[PDB]
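S.K.: First the structure, then my questions, so here it is.
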DNA sequence: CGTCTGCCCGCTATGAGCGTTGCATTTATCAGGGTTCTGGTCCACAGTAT
DNA sequence: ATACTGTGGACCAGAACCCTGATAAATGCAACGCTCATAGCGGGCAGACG
Ligand SMILES: Nc1ncnc2c1ncn2[C@@H]1O[C@H](COP(=O)(O)OP(=O)(O)OP(=O)(O)O)[C@@H](O)[C@H]1O
Ligand SMILES: Nc1ncnc2c1ncn2[C@@H]1O[C@H](COP(=O)(O)OP(=O)(O)OP(=O)(O)O)[C@@H](O)[C@H]1O
Ligand SMILES: Nc1ncnc2c1ncn2[C@@H]1O[C@H](COP(=O)(O)OP(=O)(O)O)[C@@H](O)[C@H]1O
Ligand SMILES: [Mg+2]
Ligand SMILES: [Mg+2]
Ligand SMILES: [Mg+2]
Ligand SMILES: [Zn+2]
C-alpha cells in the first residue's frame with residue numbers, strides 16, 4: 001500500500017506488485033529396462049525423510065511422492081493414484097472425498113493442486129510413462145495436452161521415468177519436448193567393458209566387489 | 001489469495017478518462033523510459049559469493065532462468081497495446097453516471113431467458129477491444145505477460161461504492177475443447193483471487209451450458225473485471241462436436257456485446273481455427289547485414305552472470321556464433337543452454353566456457369528438442385512444416 | 001385412440017375424433033343409514049357375472065366394478081382404490097403398473 | 001457475499017437486497033436467502049424489516065453505514081418513533097438487530113395490527129422517470145410505501161398493480177423499467193396530497209430520532225392545546241367544533257379512503273379518544289389530521305418540538 | 001482356373017461423459033390449545049335541576 | 001339545600017397469532033444405465049502361383 005500511494009502521488013516513478021510463479025521444473029529419465037531406474041530412485045530419495053512436521057506452522061511437509069502410471073493408458077487413473085499414494089504416506093483419506101466419478105479429469109486436476117500446496121509437496125515421480133501410448137480412452141492429442149496442463153497447474157517439480165519406447169511420445173512437438181526436457185534429459189546406457197582403447201574402470205569396480 | 005489495495009484517485013490527463021473510479025485509480029500510464037526499466041531484472045552476483053564451495057556456487061547459479069528478464073522491442077508494443085485496451089474498456093462501463101448499472105441490469109435477462117442477445121437497454125454500448133498473440137514455443141508469451149501485467153494491483157477496493165475491482169484475470173483452456181470446463185476454470189481462478197466460493201454455487205446446482213455461459217459473464221461484470229486472458233487457445237482444435245466454433249462465437253460476443261476485453265495466446269498451430277494479431281519470431285542474428293543490436297545486448301547482458309572462477313569477461317565472436325548456431329533463436333533454449341554449460345563446467349572442474357563444451361552439452365542433454373532445432377536450422381519449408389512450430 | 005392423447009397432453013377434453021361420441025347416464029343414491037343401500041345394490045348386481053371373456057375379440061368385459069372413498073378423502077387414494085379393485089377381479093397387476101410410478105393427479 | 005450494493009439515497013433496504021440478488025444472477029430465492037443471510041427461514045418485509053446487523057456487516061468496510069443509519073434512514077422507523085414512547089422505541093431498536101420479526105412488530109402499534117395494509121406493490125409514474133434519468137436504475141422508495149396513504153407526496157397518485165409481498169414469502173422482487181407505467185387517467189384529492197406533503201418531511205429529519213414524548217406528555221399537550229383553542233368546556237369536549245374543522249379541512253371521501261370515517265354519534269372514535277387520557281400510542285396519521293385541522297402554522301418537526309418541550 | 005495372402009471390416013470389449021432414477025430430506029398442510037391483546041362493559045365519580 | 005344524569009375508569013372475557021404435534025406431498029443427491037470415441041482381432045473375400 002505504501003508503494004501504491006508513493007507511485008500514485010508521483011514520488012516513486014515505478015513499482016512492482018505481486019508476481020506469479022512460472023512453470024515447474026520437469027525432468028525426463030529414459031533408460032533401457034534392467035538398468036536400475038527404480039532402485040536408484042529408492043536409494044537416492046531414502047536419505048530424505050518423507051513426512052516432516054513443522055511446529056510453528058501446521059503443515060506436514062511431504063518431501064516427495066512416487067506414483068505409477070496405469071496400464072489402460074487412462075488419464076483418470078493417474079490422477080487418482082495421487083490420492084491413493086497420498087493416503088499411504090499420511091493417515092487421512094482422500095480417495096473417498098476427491099475420488100468421485102462426478103468430477104471430470106480437469107476437476108480432478110484442479111483438486112490435486114490444492115492438496116499439493118496444503119502439504120508442501122516437493123517432488124512428484126511418475127513411473128513407467130510408456131503405458132500411455134495407444135489408449136482407448138482418448139486420442140494422441142488429448143494427453144500431450146494433459147501433460148502440458150498438469151505441468152502448468154500443480155507447480156511442484158515433476159519427474160518422469162520411462163522406457164526408450166516412450167521417447168516417441170514426447171518427441172512429437174516443440175511444446176512437449178521443451179517441457180519434458182525442462183531441466184535436462186538423462187539417458188542411461190549399459191556399462192561398456194572398454195572405453196576408447198583402455199578397459200573401463202566401472203566394470204572392473206562393479207565385478208571385483 | 002490476493003492483496004486488496006485501497007484505492008486513491010489521481011488526475012488523468014485525458015478528457016474521456018474524466019470521472020471513472022475504475023481508470024482514475026489505476027497506476028499512471030508509464031512512458032518510454034519506464035517501458036524498458038520497469039521490466040529489467042538480473043541476478044545480484046555478489047563478489048563475496050564467488051569464492052564459496054562448489055555446491056553453494058552450483059545451487060545459486062540455477063536461479064538464472066527464473067530471475068533474468070531483458071525487454072526486447074516487441075515488449076514495448078505489447079505493453080502499450082495492453083495499456084490502451086485495459087484503460088479504454090471502462091469508459092463504456094462508468095459506475096458513477098449509471099452506466100454499469102445498465103450493463104448489470106441487462107445481464108439478468110440473459111441468465112433468465114438463456115439468450116445472450118436480449119438487451120433491455122439500447123443506450124448501453126460496449127467499448128472493449130481484442131488481441132491475439134501467436135509465437136513459437138519458448139518465445140516468452142507467458143513470462144513476458146506476467147511481468148507486463150504485474151505492474152497492476154489486481155484486486156483493488158473502492159470504498160465510495162462497495163465494488164472490489166479485479167484488474168485482470170488469467171485462466172487457461174481445458175486439455176480438450178471442453179464446454180463446461182472453460183466456464184469452471186473462470187470460477188476456480190476468480191475465487192482463489194478473492195477468497196470466495198463461486199465454483200461451489202455456480203455449477204454444482206446442475207446447470208446447462210447456456211446458463212453457465214451467462215452466469216460467468218454476469219459475475220465478470222459484478223466485479224469490474226478489466227482484462228480476461230486465456231492461455232493455450234490451441235486446445236480448442238481437438239474440441240467436441242461444435243465446440244471449436246461455439247466458443248469462438250462466444251469470445252466475439254463477449255468483447256462486442258458484454259464489453260469485457262479478452263486476450264488470446266496460442267502457438268502458430270492455433271492460426272488454423274481462425275481480432276488484431278501480433279506475431280512473434282525468434283531473434284535473427286542478421287537484420288541489415290550486421291549483427292542484431294537486440295541479440296548483442298541480450299548475449300552481453302547474459303554473459304555478466306557467471307559463477308565460474310576462471311571466467312572470461314570478453315565474449316568471443318566464435319563463441320557467440322556457436323551459441324546462436326546451437327540455440328536457433330529461442331530464448332528458452334539460449335538461457336537453458338547457458339545454465340547447463342555452467343553446471344557441467346562446475347562439475348568437471350574446468351571453469352571456462354568453450355565452444356566444444358557448448359557443443360558437448362547440447363549433444364548430451366538436449367536430445368528431445370533436437371529435430372525441431374535441426375528443422376529450423378535447415379530452414380526448408382517442407383522440413384519446417386513438421387514440428388518446430390514456425 | 002382419443003384417450004392416449006389425454007394421457008399425453010394431460011387435459012381430459014382434448015378429443016381427436018369428432019365422430020366419437022359419449023352415450024352415458026349418471027345417477028346418485030342417497031338414503032339414511034340402515035335403509036340397506038349396500039346389500040340391495042349387491043343383490044341387484046349379483047345377476048351380472050362381472051368378468052365375461054369374449055372369444056372372437058380378446059377383450060374381457062368387466063360388467064361392473066365397486067369402490068369406496070377413502071376416509072382421508074385424498075386425491076391419490078381414490079384413484080388407487082380403482083386399481084386395487086380392478087386386479088382383485090381380474091388377477092392382473094394394474095396397481096403396480098400405474099400407482100407406484102411417480103405420477104401427478 | 002463479496003459485493004453488497006450501497007443503498008441509494010432514500011431507499012428501502014428490501015430493494016437493496018433485491019438489487020443485490022439481481023446484480024449476480026441469483027434467480028433462486030432460496031439461494032439468495034442462503035447467500036445473503038445464511039438461514040432459509042426469513043421473511044422478506046417492506047417497512048420495518050428485521051435481520052439488520054448481518055446487512056450492516058456486509059457494508060462494514062464502507063465506514064459510513066452502521067446499524068442505526070439503516071434503521072433510521074432506510075426503514076420506515078421515523079414514522080413510529082415519535083409516537084410510541086421511549087422504552088418501546090429503545091426496545092424496538094434493540095430487536096431490529098436480532099432475528100425476531102414477531103417481537104419488532106408486537107412492540108409497534110400498527111406493526112402489531114397483524115394486517116399488511118395494501119400489500120401489493122406500488123409505484124409512481126413520474127418518479128421512475130427521474131430515477132432512470134439520474135441513477136440509471138429503479139428502486140422502491142420510502143415515499144411510496146406510506147403506512148396508510150396510497151399516494152406519492154409530490155406527484156398525484158400511485159399507480160398500483162398486481163402481485164404482493166405475501167404471494168411468495170421468501171422472495172425479494174426488484175422493479176424493472178419494462179413495466180414502467182400504464183397510461184390511464186387518475187386524479188387525486190388536494191387535501192390528501194397536502195397531507196402526504198406534510199408528512200413527507202418527517203422521513204428526512206434528524207430530530208425525529210430523539211423527540212418521542214411520553215403518553216402523559218401527549219395527553220397534557222392536547223389538553224392545553226384544546227383549552228387554548230377555546231372550544232373546551234370544563235373537563236369536556238365540544239365534539240362539534242372539532243368535527244366541523246376537520247370536515248372543512250378534509251372531505252368525506254378522503255376519510256373513507258384513509259379509513260378514519262368519523263362517528264360523532266358513537267362515543268368511542270379515533271378523534272374522540274384523543275381528547276380523553278391516552279391509553280396507547282395512536283398512529284401518526286391521526287395526529288397528522290389533528291394537527292392540520294387545528295393549526296397549520298407549524299410543521300411536523302415544530303409540533304414535535306412543542307410536544308417535547310412541555 | 002482354384003486357392004491363400006493381404007485387405008476389408010464386422011464385431012467385442014473398455015472407459016469417460018451425460019442423462020435417468022429412487023430414497024431421504026425438506027416443505028407444506030391442518031387440527032388443537034393457549035395467553036396476552038383488546039373490545040366492549042358496568043360501575044363509581046362528579047356535575048347538575050327541583 | 002337535595003335527586004338526576006353524563007362521563008371517565010376499573011374491569012370481564014372473546015379471540016387471534018404463536019407454538020406444538022401428526023400426516024401428506026415436492027425436491028437434491030448419490031447411485032445406475034445410455035452413448036460415443038478408439039484400438040484390435042480374426043474370419044471371409046479380391047489379386048498372384050502353381
Ligand atoms: N525475453 C526473455 N528474456 C529472458 N528470458 C526469457 C525471455 N522470454 C522467455 N524467457 C525465458 O523462457 C522461459 C520459458 O518461456 P515461457 O514460459 O515464456 O514460454 P511460453 O511462451 O509460455 O511457451 P509455450 O509455447 O510452451 O506456451 C521463461 O522461464 C524465461 O526464463
Ligand atoms: N329390503 C331388505 N330386506 C331384508 N333385509 C334388509 C333389507 N334392507 C336392508 N336389510 C338388512 O339391513 C342390513 C343392511 O346393511 P347395510 O350395511 O347394507 O345397510 P346401509 O345402512 O344401507 O349401509 P351403508 O353402510 O353402506 O350406508 C342387513 O342386515 C340386511 O339384512
Ligand atoms: N548400480 C547398481 N548396483 C547393483 N545392482 C543394481 C544397480 N542398479 C540396478 N541393480 C539391480 O538391478 C535389479 C533390477 O533393477 P530395477 O529396480 O528392476 O530397475 P528397472 O525397474 O529399471 O529394471 C535390482 O534388483 C538391482 O539389484
Ligand atoms: Mg522399474
Ligand atoms: Mg505458457
Ligand atoms: Mg355401503
Ligand atoms: Zn412521485
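The count begins at 1 with the first shown residue.
Each Cβ is built from the backbone N, Cα and C atoms, and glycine gets one as well.
Just lifted these from Swiss-Prot, have a look:
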BINDING   A:31, A:32, A:33, A:34, A:35, A:36, A:37, A:38  ATP binding site
S.K.: Could you check the binding-site residues A:31, A:34, A:36 and say which one's CB has the most other CB atoms within 10 Å?
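M.R.: Compared across A:31, A:34, A:36, the most Cβ atoms within 10 Å surround A:31.
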S.K.: Among the binding-site residues A:33, A:35, A:38, which residue has the fewest other Cβ atoms within 10 Å of its own Cβ?
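M.R.: Per-residue Cβ counts within 10 Å for the binding-site residues A:33, A:35, A:38 bottom out at A:33.
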S.K.: Compute the centroid of the Cβ atoms of A:31, A:32, A:33, A:34, A:35, A:36, A:37, A:38, then list the same-chain residues not in that set whose Cβ lies within 8 Å of it, in sequence order, for the ATP site.
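M.R.: Everything else in range on the chain: A:188.
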S.K.: Going along the chain, which residues six or more apart from residue A:37 (ATP binding site) have their CB under 8 A from its CB?
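M.R.: Spatial neighbours, sequence-distant, of residue A:37 (ATP binding site): A:29, A:31, A:161, A:188.
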S.K.: Looking only at Cβ atoms, how many others are within 10 Å of the one on residue A:32 (ATP binding site)?
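M.R.: So the number of other Cβ atoms within 10 Å of residue A:32 (ATP binding site) is 13.
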S.K.: I'd like to know which of the binding-site residues listed (A:31, A:33, A:34, A:35, A:38) lie near ligand 4, counting only a CB under 6 Å away.
M.R.: A:38
S.K.: Where does residue A:37 (ATP binding site) sit in DSSP terms: helix, strand, or coil?
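M.R.: In the DSSP reduction, residue A:37 (ATP binding site) maps to coil.
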